[PDB]
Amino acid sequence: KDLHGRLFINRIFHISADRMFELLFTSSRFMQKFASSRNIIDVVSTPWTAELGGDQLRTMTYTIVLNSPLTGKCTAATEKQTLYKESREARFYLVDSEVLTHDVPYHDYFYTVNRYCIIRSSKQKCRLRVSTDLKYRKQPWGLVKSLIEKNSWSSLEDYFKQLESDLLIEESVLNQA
């Protein structure tokens, strides 16, 4: 853990900081393959756009195919991302994302905030840190809250485990030559 939330990824990758940003935060081959493998469909992203103070913003929408008897056939989702003005090309990227689901039970109660930190180590190597917090617009109580928490944290752990694994596979491709 860190002060922001549960720390899911904290790993050195032999991928440059700039390439890591491109992999995760543009419409990359890696992301097309990763989203499809997670049954995330109809991905639409606005362009990264500067706002007055120097942060850059974009919005993504997509549909998560769940096929679950607990959460339903699918859910729409919205992800708003902020690339912080403190970021520096080839050195440091900080992206905060706020993710809302539209259709699952209790969708109006909770949302997630993820913080992605990419820090240069060397010319072709960086550290990726990802932390997530589960936030509430309406506080559930007791057994309802425990159900939301257990299912959300389990789903997030599986997602980031696969993201990490797939980045290690991409790392192998990038370092072959």
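Start at 1 and count along the sequence shown; that's the residue number.
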Per the PDB record, is the mean Cα temperature factor higher over 153-161 or over 18-26?
153-161
Tell me which of 57-65 and 138-146 has the higher mean C-alpha B-factor in the deposited entry.
138-146
What third of its chain's C-alpha B-factors does residue 121 belong to: lowest, middle or highest?
lowest
Consider only the C-alpha atoms of the modelled residues in this chain, order them by B-factor as the entry records it, and name the third containing residue 130: lowest, middle or highest.
lowest
Record-listed C-alpha B factor of residue 78: chain third
lowest
Lowest, middle or highest third: where is residue 115 by Cα B-factor in its chain?
lowest
Cα B factor band for residue 103 (lowest, middle or highest third within the chain)
middle
